[PDB]
Amino acid sequence: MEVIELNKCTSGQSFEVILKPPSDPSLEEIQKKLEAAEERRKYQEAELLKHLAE
Amino acid sequence: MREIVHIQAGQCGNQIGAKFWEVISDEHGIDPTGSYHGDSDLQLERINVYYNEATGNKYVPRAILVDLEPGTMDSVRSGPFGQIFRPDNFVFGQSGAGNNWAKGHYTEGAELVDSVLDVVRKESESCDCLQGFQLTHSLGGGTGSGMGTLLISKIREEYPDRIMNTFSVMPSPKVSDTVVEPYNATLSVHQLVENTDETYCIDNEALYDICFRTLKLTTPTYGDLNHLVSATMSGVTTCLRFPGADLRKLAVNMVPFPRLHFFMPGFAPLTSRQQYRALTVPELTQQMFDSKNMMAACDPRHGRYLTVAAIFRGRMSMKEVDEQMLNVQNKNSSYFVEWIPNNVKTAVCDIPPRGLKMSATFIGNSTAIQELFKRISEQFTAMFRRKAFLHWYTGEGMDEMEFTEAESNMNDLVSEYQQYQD
Amino acid sequence: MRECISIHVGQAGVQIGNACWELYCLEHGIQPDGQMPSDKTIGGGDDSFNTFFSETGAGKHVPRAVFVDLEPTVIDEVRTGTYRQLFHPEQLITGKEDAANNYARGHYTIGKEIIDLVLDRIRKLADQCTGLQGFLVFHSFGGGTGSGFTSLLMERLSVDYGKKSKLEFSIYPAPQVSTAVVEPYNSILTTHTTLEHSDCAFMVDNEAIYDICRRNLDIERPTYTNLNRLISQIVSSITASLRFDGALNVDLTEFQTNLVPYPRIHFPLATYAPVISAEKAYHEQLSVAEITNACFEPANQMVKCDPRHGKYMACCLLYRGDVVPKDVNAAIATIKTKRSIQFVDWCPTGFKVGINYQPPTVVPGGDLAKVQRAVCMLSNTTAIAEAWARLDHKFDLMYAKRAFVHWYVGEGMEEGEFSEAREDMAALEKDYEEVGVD
Amino acid sequence: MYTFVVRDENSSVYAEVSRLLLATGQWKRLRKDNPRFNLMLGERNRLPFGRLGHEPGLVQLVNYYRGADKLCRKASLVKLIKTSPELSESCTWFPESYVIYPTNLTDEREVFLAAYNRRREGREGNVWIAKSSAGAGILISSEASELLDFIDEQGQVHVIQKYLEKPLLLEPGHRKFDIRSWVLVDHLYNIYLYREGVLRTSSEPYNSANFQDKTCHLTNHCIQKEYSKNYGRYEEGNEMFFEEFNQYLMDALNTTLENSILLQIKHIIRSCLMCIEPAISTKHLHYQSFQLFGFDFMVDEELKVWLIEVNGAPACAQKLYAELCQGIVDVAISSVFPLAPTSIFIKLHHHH
Ligand SMILES: Nc1nc2c(ncn2[C@@H]2O[C@H](COP(=O)(O)OP(=O)(O)OP(=O)(O)O)[C@@H](O)[C@H]2O)c(=O)[nH]1
Ligand SMILES: Nc1ncnc2c1ncn2[C@@H]1O[C@H](COP(=O)(O)OP(=O)(O)CP(=O)(O)O)[C@@H](O)[C@H]1O
Ligand SMILES: Nc1nc2c(ncn2[C@@H]2O[C@H](COP(=O)(O)OP(=O)(O)O)[C@@H](O)[C@H]2O)c(=O)[nH]1
Ligand SMILES: [Ca+2]
Ligand SMILES: [Ca+2]
Ligand SMILES: [Ca+2]
Ligand SMILES: [Mg+2]
Ligand SMILES: [Mg+2]
Ligand SMILES: [Mg+2]
């Protein structure tokens, strides 16, 4: 039961108590993901329109 | 500003649509001349969802009236609220469709469709952000069924990423105009399977039995049946017409599989004329989930609910609502699929319908709906196996193969409902 | 002084953010017009509160915040609300139609078209900072924007601000206050793509906030306003150290240093007490020991779970009000002899303590009663993994039938991203077990 | 209408409780994966406690206390007793025990040998017994060399404890026995002792000079009915109930079952359950727990009671299934989910 690093100021104080010691994707890659999903959307809508044209 | 464009096609579609705008116009305080005269700001908060704001603070419905003969729409124009519809939005021919899906879809209807899309395009070009479309029609006739599904096909081509909703009256031999109604209903159902996001299935037999057995109407009329449909359309659209979300959010939460988007609606109370009695929350809940109060003529105890949405209207105990709803689920959990957690959602609205202290509308995506498509399929095959009445259709350019494919599409849809019921 | 930028995404993030800045203003003495009478340095200053508020020459104190929603009805509340004068238009970004509770729609379809605009508005706030610390990102798990667009924003923030810390305040989905059925999908999709981009995340379960409102505030059917005011109290207790003079959690990096020794395990459990009903006749003010003891009661946790059956990796006690270190250590001793507090063998069994003398501020007319002292405990327990298990299980029930999957595929997402996300969660659940159980 | 689920089909006990629940016409059974339940008869291993109490509007109850395995595990019970100040290392009613990990894997090997060498030097009885939780595999031996070598051949944690060389022997027969007490803890952590116990007796004369034949040393119901040749001679199924055993203690030892044994049993049950109460109580939890425990006791020729082990998934005696299972529904289930005496349990009051 020890108290360490007791810091005090006008608005409060802080301290530590030890009870026991111990024992990314680039900007380019993000654009590719975003544009790949947009391409699959375009392909799906093309097939729907091709379906409606038949 | 999430505007909805309303379309009503054919006799049934225009008579039901007429009453619908009659009911909600009252709820939003719009009079027969489009002038607002309510007393609550809640009426106008989402008024632009269905009405356009014209000069002089006039509210004009965003509705397009379509038919292949003039008779019915002349009635609407002469009806109670007939003056409120934009005159340019009346689009009609003179030939009629002879209760013939082929005439509405391929011949007579195709001659008139382009002019209808010009009006649709006009209403959309004035929408800040178009939510989607709703169509009221019957499946048993020729115009609403054949031309209605043709309109849906051309609306999906021009607005592929907008929600398409319909209120579809399914034919029944007990409330029948002609014997070819199964032919027309089977041809339309496949169109709906492909091209609608949500279809509220309204069976005329359920409406009839409700008017006779429950409402104690000795001799029901189409007008009486339309009273039920009006009240139901007002209930299911409360989510959209008052604060509390949009069509695509509803579809996302109600449709787990693209083709199984056919809903059973329900309404409560349904009182015969003991009509002034207050209705408690438990009573609302017991009736709303009772088959007798459902309008698809399917026993939910024969299948299972994929999703359920319930809307309560009036000033009531929201705490007491949750208690009763959770009481219904937790007392019949064998009729709810266990692989969609929390598939029963409830919403409250403070504004009740005219003449009711409180009410409840019920929107269920149930596999029991396959009984409806089974009835139609059996009636279809009873005639098609003898090619009875086909000449009305082959005479308009159709081939027997198109009927065989519609038959198979229907039986596939039934089989798809059957696999999820187990 | 180093600035912090707050980002609010979706309805949950916007409405919660609106409640927080309301509380922040009442705490720092800022009026709805932005004026701050106590700020004697007009139009400038590097005080602690300046980490969250910039200043104009006219004396206005402007939040370092950005609000983002793909639909404008929630943000229009801020534009015409009580504190409308605080923000200027560039800070409030709104689309025309939401993501329909569809992760893929928020991340891909609509996100791709608005992401550059958001980063541009954030860049403008960053340009006012002389030493930006990082970002605090508020959002829901279940919303299509809160989940889908947030994950995209966190990826770009890591690219545009590599060396900057990012913390989340995430709302965990609860059926009692939700009409959406696909939220398990969205929660797991957004956790998967956000995991490697978030340094520390505070999950708040609506179920827990809901029950605290009914149990402690006697609200029969809590509203979002009730939930958000309570949530902003907890958020205020957590961010107070960045806005006031102090020595514990003075910058965003110290949140990871003190709460997250293992990076993927960065979801601390928040516990708060006391929550007293204002409508009460007059409550007996609780002692330091009683409010501290309350931090180990499951009923006051932001996520319902049983810390008795996990292991602790860290633990901070944030006190506000009449509290002196003598009473804190006395209560801590009393609790170690009664409670089951198991620490991991490779972590010290200690408690970092911070005391702020200014007691909790309460919104006039709110539901919370004024208390002389309050505490928020931040503890990294493996017990919070219970929440992942619950969520992953619901995910498995629906995904086994592919229910609702077509909605996501239809917006351009591949089906494989579902299983890729689910396997990442299964690895996350395994990490918690390796750290906590024997 | 209350709903419950069954997730352990092998539970003779709760199979009867499920039979009784349905017989009331007020309980409905659901599939084993339906989350909308009031009561869960959960599985033995890896019960998903984390998923309980998160269904809106459903009070949920489960028949297992999360964390009670500390008491019902061989190695765990030893650790709990030796490290819990409430029980202390000097606990007088639990045999001297040590946790011994096999050499192929803290561990108490050297501590055991020290106390062993002390007994060997002081001419005292130095007979120990080795066992584990992965057995049907038990060994009784007086040489430490055999005990340790037997564990290394295995691969699971074991426990070595003193073997009671002076057990109380019923007569006629000159035979060993053990006592099974059933204890039910409800959601309020009330400790209820079933008024009916069972002595699982050995039908073979206890032989103290031959621990190789484990038929007169191990009083397990399965061993006596498989490796013993006098099964069912003195009492049906090697099961003597309290009525007969009490009458015996009066005719022979001139005492009662209550004064000589039951007081100690009640004290031991309380000490064990009060100890772990702060760790397993569901008083302030989002769900509720109850559980049936099976305490096994030993009795020496001094009428001192010794605790053997605690079973968390115990079976019952065939003659007491009806009375006990009904009692489980009365105090443990219907107490939380009421329906539209002279209790069969003995409430052991205590301070929570
Ligand atoms: N605590 C709290 N939770 C909220 C609030 N608003 C919404 N939620 C929760 O957030 C989830 C829904 O996500 P939203 O934030 O509303 O959706 P969104 O981020 O706006 O994304 P969209 O789908 O485009 O609308 C549900 O679980 C709600 O319970 C709020 O104000 N406070
Ligand atoms: N220290 C000891 N001294 C004397 N006998 C002992 C003993 N430990 C165990 N026994 C004997 O072993 C038998 C019980 O063994 P134990 O209970 O450890 O195995 P087990 O747990 O697989 C059977 P159950 O769990 O059903 O009671 C009793 O009949 C008892 O006579
Ligand atoms: N509920 C209801 N059903 C109708 C109404 N009018 C017709 N129907 C049903 O609709 C089918 C006939 O279709 P109809 O609308 O008259 O054909 P259309 O004018 O060519 O579209 C039959 O099944 C009728 O039972 C009506 O006003 N209300
Ligand atoms: Ca013509
Ligand atoms: Ca200043
Ligand atoms: Ca990073
Ligand atoms: Mg007609
Ligand atoms: Mg939203
Ligand atoms: Mg055992």
# chains A, B, ... in the order shown; residues from 1 in each chain; ligands from 1
call {"tool": "residues_around", "arguments": {"residues": "residue 218 of chain D", "least_positions_apart": "6", "cutoff": "12 Å", "atoms": "only C-alpha atoms", "output": "ChimeraX atom specification"}}
result
/D:129,131,137-140,163-164,167,175-178,200-207,211-212,224-228,298,308
call {"tool": "write_last_selection", "arguments": {"atoms": "N, CA, C and O atoms", "output": "compact mmCIF listing (two decimals), in the first residue's frame"}}
result
# COMPACT_ATOMS: atom_id res chain seq x y z
N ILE D 129 -3.51 -40.77 -0.18
CA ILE D 129 -4.31 -41.16 -1.34
C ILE D 129 -4.17 -40.09 -2.41
O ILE D 129 -4.20 -38.89 -2.12
N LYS D 131 -5.55 -38.65 -6.21
CA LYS D 131 -6.71 -38.63 -7.08
C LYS D 131 -6.68 -37.37 -7.93
O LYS D 131 -5.83 -36.50 -7.75
N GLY D 137 -9.37 -43.64 -11.72
CA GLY D 137 -7.93 -43.66 -11.54
C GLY D 137 -7.48 -43.11 -10.19
O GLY D 137 -7.17 -41.92 -10.07
N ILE D 138 -7.46 -43.98 -9.18
CA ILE D 138 -7.06 -43.61 -7.83
C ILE D 138 -6.00 -44.59 -7.35
O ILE D 138 -5.99 -45.76 -7.74
N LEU D 139 -5.11 -44.10 -6.49
CA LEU D 139 -4.04 -44.93 -5.93
C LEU D 139 -3.87 -44.61 -4.45
O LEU D 139 -3.69 -43.44 -4.08
N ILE D 140 -3.93 -45.64 -3.62
CA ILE D 140 -3.68 -45.53 -2.18
C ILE D 140 -2.36 -46.22 -1.90
O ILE D 140 -2.18 -47.40 -2.24
N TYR D 163 -4.84 -40.14 3.98
CA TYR D 163 -5.87 -41.17 3.96
C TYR D 163 -6.33 -41.45 5.38
O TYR D 163 -5.50 -41.74 6.26
N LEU D 164 -7.63 -41.37 5.61
CA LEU D 164 -8.19 -41.57 6.95
C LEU D 164 -8.03 -43.03 7.34
O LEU D 164 -8.83 -43.88 6.96
N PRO D 167 -11.20 -44.95 10.04
CA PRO D 167 -12.60 -44.62 9.73
C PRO D 167 -13.57 -45.35 10.65
O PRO D 167 -13.27 -46.41 11.20
N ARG D 175 -16.93 -52.37 8.06
CA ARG D 175 -16.83 -51.84 6.71
C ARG D 175 -16.87 -50.32 6.71
O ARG D 175 -17.45 -49.69 7.60
N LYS D 176 -16.27 -49.74 5.68
CA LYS D 176 -16.16 -48.30 5.50
C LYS D 176 -17.48 -47.74 4.97
O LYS D 176 -18.45 -48.47 4.74
N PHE D 177 -17.53 -46.42 4.77
CA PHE D 177 -18.71 -45.77 4.21
C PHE D 177 -18.43 -44.28 4.09
O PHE D 177 -17.46 -43.76 4.66
N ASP D 178 -19.29 -43.60 3.33
CA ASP D 178 -19.26 -42.15 3.22
C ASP D 178 -20.69 -41.63 3.24
O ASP D 178 -21.65 -42.39 3.04
N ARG D 200 -23.27 -44.21 1.49
CA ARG D 200 -22.84 -45.16 0.47
C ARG D 200 -21.80 -46.07 1.11
O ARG D 200 -20.62 -45.70 1.21
N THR D 201 -22.23 -47.25 1.54
CA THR D 201 -21.41 -48.12 2.36
C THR D 201 -20.62 -49.11 1.51
O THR D 201 -21.00 -49.45 0.38
N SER D 202 -19.52 -49.58 2.08
CA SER D 202 -18.74 -50.66 1.49
C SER D 202 -19.24 -51.99 2.04
O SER D 202 -19.39 -52.15 3.25
N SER D 203 -19.50 -52.94 1.14
CA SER D 203 -19.96 -54.27 1.52
C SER D 203 -18.81 -55.22 1.82
O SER D 203 -19.04 -56.42 1.98
N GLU D 204 -17.58 -54.71 1.89
CA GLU D 204 -16.40 -55.50 2.18
C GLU D 204 -15.77 -55.07 3.50
O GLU D 204 -15.78 -53.88 3.83
N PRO D 205 -15.22 -56.00 4.27
CA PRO D 205 -14.59 -55.63 5.54
C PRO D 205 -13.35 -54.78 5.30
O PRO D 205 -12.45 -55.16 4.54
N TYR D 206 -13.29 -53.63 5.96
CA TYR D 206 -12.16 -52.72 5.80
C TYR D 206 -10.87 -53.41 6.24
O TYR D 206 -10.73 -53.80 7.41
N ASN D 207 -9.93 -53.54 5.31
CA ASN D 207 -8.63 -54.15 5.57
C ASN D 207 -7.57 -53.06 5.53
O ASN D 207 -7.40 -52.39 4.51
N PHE D 211 -3.86 -52.03 0.84
CA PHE D 211 -4.48 -50.98 0.05
C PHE D 211 -4.47 -51.28 -1.44
O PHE D 211 -4.96 -50.46 -2.22
N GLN D 212 -3.93 -52.42 -1.85
CA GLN D 212 -3.90 -52.77 -3.27
C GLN D 212 -5.30 -53.10 -3.78
O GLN D 212 -5.67 -52.69 -4.89
N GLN D 224 -18.40 -50.42 -5.79
CA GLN D 224 -18.99 -51.50 -5.00
C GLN D 224 -19.88 -52.40 -5.85
O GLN D 224 -19.99 -53.60 -5.57
N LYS D 225 -20.52 -51.84 -6.87
CA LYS D 225 -21.42 -52.60 -7.73
C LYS D 225 -20.71 -53.24 -8.92
O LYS D 225 -21.37 -53.86 -9.76
N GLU D 226 -19.39 -53.12 -9.00
CA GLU D 226 -18.62 -53.68 -10.11
C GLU D 226 -17.45 -54.54 -9.65
O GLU D 226 -17.14 -55.54 -10.30
N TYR D 227 -16.80 -54.19 -8.54
CA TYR D 227 -15.63 -54.92 -8.06
C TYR D 227 -15.83 -55.55 -6.69
O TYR D 227 -14.91 -56.20 -6.19
N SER D 228 -17.00 -55.39 -6.08
CA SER D 228 -17.29 -55.97 -4.77
C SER D 228 -18.21 -57.17 -4.93
O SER D 228 -19.07 -57.20 -5.82
N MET D 298 -16.52 -37.88 5.23
CA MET D 298 -15.96 -39.06 5.89
C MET D 298 -16.11 -38.90 7.40
O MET D 298 -16.15 -37.77 7.92
N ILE D 308 -14.75 -34.55 2.09
CA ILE D 308 -14.03 -35.24 1.03
C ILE D 308 -13.98 -34.34 -0.21
O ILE D 308 -12.89 -33.93 -0.63
call {"tool": "residues_near_ligand", "arguments": {"ligand": "ligand 6", "cutoff": "8 Å", "atoms": "only C-alpha atoms and all ligand atoms", "output": "number ranges by chain"}}
result
A: 24; C: 158, 162-165, 196-199
call {"tool": "residues_around", "arguments": {"residues": "residue 252 of chain D", "least_positions_apart": "4", "cutoff": "10 Å", "atoms": "only C-alpha atoms", "output": "PyMOL selection string"}}
result
chain D and resi 170-171+247-248
call {"tool": "write_last_selection", "arguments": {"atoms": "N, CA, C and O atoms", "output": "CSV table (one decimal), in the first residue's frame"}}
result
chain,number,residue,atom,x,y,z
D,170,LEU,N,-19.1,-49.6,10.3
D,170,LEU,CA,-20.4,-50.1,10.7
D,170,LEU,C,-20.3,-51.6,11.1
D,170,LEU,O,-19.4,-52.3,10.6
D,171,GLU,N,-21.3,-52.1,11.9
D,171,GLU,CA,-21.3,-53.4,12.4
D,171,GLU,C,-22.7,-54.0,12.3
D,171,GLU,O,-23.6,-53.3,12.7
D,247,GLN,N,-30.7,-44.9,13.9
D,247,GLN,CA,-31.0,-46.0,14.9
D,247,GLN,C,-29.7,-46.8,15.3
D,247,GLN,O,-29.6,-47.2,16.4
D,248,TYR,N,-28.8,-47.0,14.3
D,248,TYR,CA,-27.6,-47.7,14.6
D,248,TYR,C,-26.7,-46.9,15.6
D,248,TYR,O,-26.3,-47.5,16.6
call {"tool": "interface_residues", "arguments": {"of": "chain A", "to": "chain B", "cutoff": "10 Å", "atoms": "only C-alpha atoms", "output": "JSON list (two decimals) with N, CA, C and O atoms, in the first residue's frame"}}
result
[["chain", "number", "residue", "atom", "x", "y", "z"],
["A", 45, "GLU", "N", -26.02, -3.02, -61.37],
["A", 45, "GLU", "CA", -27.05, -2.20, -61.99],
["A", 45, "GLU", "C", -27.09, -2.38, -63.50],
["A", 45, "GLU", "O", -28.15, -2.23, -64.12],
["A", 48, "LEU", "N", -29.20, -5.50, -64.03],
["A", 48, "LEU", "CA", -30.62, -5.19, -63.86],
["A", 48, "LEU", "C", -31.17, -4.49, -65.10],
["A", 48, "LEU", "O", -32.24, -4.86, -65.60],
["A", 49, "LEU", "N", -30.45, -3.50, -65.61],
["A", 49, "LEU", "CA", -30.92, -2.80, -66.81],
["A", 49, "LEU", "C", -30.90, -3.72, -68.02],
["A", 49, "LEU", "O", -31.83, -3.69, -68.85],
["A", 50, "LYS", "N", -29.87, -4.56, -68.16],
["A", 50, "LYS", "CA", -29.87, -5.56, -69.22],
["A", 50, "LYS", "C", -31.06, -6.49, -69.09],
["A", 50, "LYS", "O", -31.65, -6.92, -70.09],
["A", 51, "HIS", "N", -31.43, -6.82, -67.85],
["A", 51, "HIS", "CA", -32.62, -7.63, -67.61],
["A", 51, "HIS", "C", -33.88, -6.89, -68.04],
["A", 51, "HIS", "O", -34.76, -7.48, -68.68],
["A", 52, "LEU", "N", -33.97, -5.60, -67.72],
["A", 52, "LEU", "CA", -35.16, -4.83, -68.08],
["A", 52, "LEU", "C", -35.20, -4.55, -69.58],
["A", 52, "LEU", "O", -36.29, -4.37, -70.14],
["A", 53, "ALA", "N", -34.05, -4.53, -70.25],
["A", 53, "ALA", "CA", -34.04, -4.33, -71.69],
["A", 53, "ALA", "C", -34.54, -5.57, -72.42],
["A", 53, "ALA", "O", -35.20, -5.46, -73.46]]
call {"tool": "residues_near_ligand", "arguments": {"ligand": "ligand 8", "cutoff": "9 Å", "atoms": "only C-alpha atoms and all ligand atoms", "output": "list in words"}}
result
residues 10, 11, 12, 69, 70, 71, 72, 73, 74, 97, 98, 99, 100, 101, 143, 144, 145 and 146 of chain C
call {"tool": "interface_residues", "arguments": {"of": "chain B", "to": "chain D", "cutoff": "9 Å", "atoms": "only C-alpha atoms", "output": "VMD selection string"}}
result
chain B and resid 322 to 323 326 to 327 329 to 331 333 to 334 338 341 to 342
call {"tool": "residues_around", "arguments": {"residues": "segment 30-32 of chain A", "least_positions_apart": "5", "cutoff": "10 Å", "atoms": "only C-alpha atoms", "output": "PyMOL selection string"}}
result
(chain A and resi 24-25+37-38) or (chain C and resi 112+152+155-156+159)
call {"tool": "write_last_selection", "arguments": {"atoms": "N, CA and C atoms", "output": "tab-separated table (two decimals), in the first residue's frame"}}
result
chain	number	residue	atom	x	y	z
A	24	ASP	N	-0.83	0.12	-41.72
A	24	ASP	CA	-2.16	0.59	-42.10
A	24	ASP	C	-2.27	0.72	-43.62
A	25	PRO	N	-3.51	0.80	-44.12
A	25	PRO	CA	-3.71	0.93	-45.57
A	25	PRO	C	-3.41	2.34	-46.05
A	37	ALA	N	-15.76	-1.46	-54.70
A	37	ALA	CA	-17.16	-1.62	-54.31
A	37	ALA	C	-18.08	-0.85	-55.24
A	38	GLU	N	-17.64	0.31	-55.72
A	38	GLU	CA	-18.44	1.08	-56.66
A	38	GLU	C	-18.55	0.37	-58.01
C	112	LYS	N	-17.94	7.20	-49.78
C	112	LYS	CA	-16.98	7.57	-50.81
C	112	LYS	C	-17.25	8.96	-51.37
C	152	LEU	N	-14.60	4.32	-42.21
C	152	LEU	CA	-13.87	4.96	-43.31
C	152	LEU	C	-13.13	6.20	-42.83
C	155	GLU	N	-9.95	5.29	-40.98
C	155	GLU	CA	-8.88	4.88	-41.88
C	155	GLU	C	-8.16	6.09	-42.47
C	156	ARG	N	-8.93	7.08	-42.93
C	156	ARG	CA	-8.31	8.26	-43.54
C	156	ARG	C	-7.61	9.12	-42.49
C	159	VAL	N	-4.32	7.98	-42.02
C	159	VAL	CA	-3.47	8.33	-43.15
C	159	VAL	C	-3.10	9.81	-43.12
call {"tool": "residues_near_ligand", "arguments": {"ligand": "ligand 4", "cutoff": "9 Å", "atoms": "only C-alpha atoms and all ligand atoms", "output": "NGL selection string"}}
result
:B and (95 or 107-108 or 111)
call {"tool": "write_last_selection", "arguments": {"atoms": "N, CA, C and O atoms", "output": "PDB file, in the first residue's frame"}}
result
ATOM      1  N   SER B  95     -60.258   2.785 -73.812  1.00  0.00           N
ATOM      2  CA  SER B  95     -60.530   1.436 -74.296  1.00  0.00           C
ATOM      3  C   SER B  95     -60.952   0.495 -73.172  1.00  0.00           C
ATOM      4  O   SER B  95     -61.811  -0.370 -73.375  1.00  0.00           O
ATOM      5  N   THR B 107     -50.778  -4.404 -74.546  1.00  0.00           N
ATOM      6  CA  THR B 107     -51.412  -3.697 -75.655  1.00  0.00           C
ATOM      7  C   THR B 107     -51.997  -2.356 -75.213  1.00  0.00           C
ATOM      8  O   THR B 107     -51.358  -1.315 -75.391  1.00  0.00           O
ATOM      9  N   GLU B 108     -53.200  -2.361 -74.635  1.00  0.00           N
ATOM     10  CA  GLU B 108     -53.817  -1.105 -74.212  1.00  0.00           C
ATOM     11  C   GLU B 108     -52.919  -0.337 -73.247  1.00  0.00           C
ATOM     12  O   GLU B 108     -52.759   0.882 -73.373  1.00  0.00           O
ATOM     13  N   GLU B 111     -49.813   1.594 -74.675  1.00  0.00           N
ATOM     14  CA  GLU B 111     -50.106   2.819 -75.410  1.00  0.00           C
ATOM     15  C   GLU B 111     -50.189   4.022 -74.477  1.00  0.00           C
ATOM     16  O   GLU B 111     -49.902   5.151 -74.892  1.00  0.00           O
TER      17      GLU B 111
END
call {"tool": "residues_around", "arguments": {"residues": "residue 222 of chain B", "least_positions_apart": "6", "cutoff": "10 Å", "atoms": "only C-alpha atoms", "output": "list in words"}}
result
residues 12, 15, 16, 175, 204, 207 and 208 of chain B
call {"tool": "interface_residues", "arguments": {"of": "chain D", "to": "chain C", "cutoff": "10 Å", "atoms": "only C-alpha atoms", "output": "PyMOL selection string"}}
result
chain D and resi 48-57+66-67+278-280+282+284-286
call {"tool": "write_last_selection", "arguments": {"atoms": "C-alpha atoms", "output": "PDB file, in the first residue's frame"}}
result
ATOM      1  CA  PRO D  48     -22.563 -19.192 -21.451  1.00  0.00           C
ATOM      2  CA  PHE D  49     -23.303 -17.043 -18.397  1.00  0.00           C
ATOM      3  CA  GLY D  50     -22.410 -13.908 -20.368  1.00  0.00           C
ATOM      4  CA  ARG D  51     -25.566 -14.256 -22.477  1.00  0.00           C
ATOM      5  CA  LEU D  52     -27.989 -14.295 -19.523  1.00  0.00           C
ATOM      6  CA  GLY D  53     -30.084 -11.356 -18.374  1.00  0.00           C
ATOM      7  CA  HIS D  54     -29.974  -9.394 -21.647  1.00  0.00           C
ATOM      8  CA  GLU D  55     -33.496 -10.131 -22.932  1.00  0.00           C
ATOM      9  CA  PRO D  56     -35.794  -7.111 -22.465  1.00  0.00           C
ATOM     10  CA  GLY D  57     -38.621  -7.876 -20.065  1.00  0.00           C
ATOM     11  CA  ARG D  66     -20.816 -18.961 -12.118  1.00  0.00           C
ATOM     12  CA  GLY D  67     -17.566 -19.522 -10.227  1.00  0.00           C
ATOM     13  CA  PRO D 278     -18.869 -12.675  -2.339  1.00  0.00           C
ATOM     14  CA  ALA D 279     -17.449 -14.224  -5.516  1.00  0.00           C
ATOM     15  CA  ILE D 280     -20.551 -16.015  -6.851  1.00  0.00           C
ATOM     16  CA  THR D 282     -26.083 -13.040  -8.027  1.00  0.00           C
ATOM     17  CA  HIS D 284     -26.884  -7.445  -7.606  1.00  0.00           C
ATOM     18  CA  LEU D 285     -26.562  -9.180 -10.986  1.00  0.00           C
ATOM     19  CA  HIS D 286     -28.600  -8.954 -14.183  1.00  0.00           C
TER      20      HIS D 286
END
call {"tool": "residues_near_ligand", "arguments": {"ligand": "ligand 9", "cutoff": "8 Å", "atoms": "only C-alpha atoms and all ligand atoms", "output": "PDB file with C-alpha atoms, in the first residue's frame"}}
result
ATOM      1  CA  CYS D  72     -16.256 -28.484  -6.840  1.00  0.00           C
ATOM      2  CA  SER D 133     -10.833 -34.694 -11.429  1.00  0.00           C
ATOM      3  CA  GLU D 309     -15.208 -33.172  -1.948  1.00  0.00           C
ATOM      4  CA  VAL D 310     -18.095 -31.106  -3.300  1.00  0.00           C
ATOM      5  CA  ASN D 311     -19.973 -32.081  -6.470  1.00  0.00           C
TER       6      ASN D 311
END
call {"tool": "select_by_dssp", "arguments": {"residues": "segment 297-345 of chain C", "states": "strand (DSSP E or B)", "output": "list in words"}}
result
residues 301, 312, 313, 314, 315, 316, 317, 318, 319, 320, 321 and 343 of chain C
call {"tool": "closest_atom_pairs", "arguments": {"of": "chain C", "to": "ligand 5", "cutoff": "10 Å", "atoms": "only C-alpha atoms and all ligand atoms", "output": "tab-separated table"}}
result
residue	atom	partner	partner_atom_place_in_ligand_line	distance
C:36	CA	ligand 5	1 (Ca)	8.7
C:38	CA	ligand 5	1 (Ca)	8.8
C:39	CA	ligand 5	1 (Ca)	5.1
C:40	CA	ligand 5	1 (Ca)	6.3
C:41	CA	ligand 5	1 (Ca)	4.2
C:42	CA	ligand 5	1 (Ca)	5.6
C:43	CA	ligand 5	1 (Ca)	6.1
C:44	CA	ligand 5	1 (Ca)	4.5
C:45	CA	ligand 5	1 (Ca)	3.8
C:46	CA	ligand 5	1 (Ca)	6.7
C:47	CA	ligand 5	1 (Ca)	6.6
C:48	CA	ligand 5	1 (Ca)	9.6
C:49	CA	ligand 5	1 (Ca)	8.6
C:50	CA	ligand 5	1 (Ca)	7.1
C:53	CA	ligand 5	1 (Ca)	9.2
C:54	CA	ligand 5	1 (Ca)	8.5
C:55	CA	ligand 5	1 (Ca)	6.9
C:56	CA	ligand 5	1 (Ca)	9.6
C:59	CA	ligand 5	1 (Ca)	8.2
C:60	CA	ligand 5	1 (Ca)	9.7
C:61	CA	ligand 5	1 (Ca)	8.5
